[PDB]
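Only one chain comes next, encoded as structure tokens, the form deposited in one PDB entry.
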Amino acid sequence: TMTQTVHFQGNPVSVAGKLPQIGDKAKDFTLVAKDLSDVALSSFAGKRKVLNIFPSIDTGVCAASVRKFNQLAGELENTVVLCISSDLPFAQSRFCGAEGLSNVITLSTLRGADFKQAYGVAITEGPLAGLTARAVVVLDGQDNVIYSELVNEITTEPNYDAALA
């Protein structure tokens, strides 16, 4: 039972686990897709992966996340972009349908919530408890950590560029 600290503006909030880091093999995961089927990391073997994991789409900076990676997703090579969060799929799906965002794939923790502590992502205290923290993780075709970032203030977006492989 490790922790990490992130911040709401300033402000300490405990986040269970530790985020997988460069070198590490990322644990497999199963999460819920727009048509309510279960989908596993293992189904993207040999494609690279960006995991953009955020408190809630439906929340300002998280929404920006999703637009940007969707737009950045066309200009990309043998890679899927998984937008992973606490939201239910239905909200994930209305957001993307209203914004005409077709590149990205939405995954809900509706099922598979263990993914949160498996990826050092569960918020355990404060008004945010029950939500994933903001973080991006990038993996290869064999689920190895090519990149990973745990954002320090949740307010601010990730760094997309920078680091990109």
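Residue positions are given as counts along the sequence shown, with the first one as 1. Between two forms, the rigid core is the largest collection of C-alphas that superpose within 1.5 Å.
One more form of this protein should be noted, the form deposited in another entry, which is absent from this view; the next part is about it.
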Comparing forms between the shown form and the other one after core superposition, the one residue of 133, 66, 50, 107 displaced by 2 Å or more at CA: 66
Core-superposed C-alpha of residue 31 shifting 2 Å or more between the shown form and the other one: no
Residue 96 C-alpha moves between the shown form and the other one by 2 Å or more, core aligned: yes
CA-CA separation of residue 63 and residue 17, closer or farther in the other entry than in the form shown [shift of 3 angstroms or more]: farther
Direction of the Cα shift between residue 111 and residue 65 in the other entry, where the change is 3 Å or more: farther
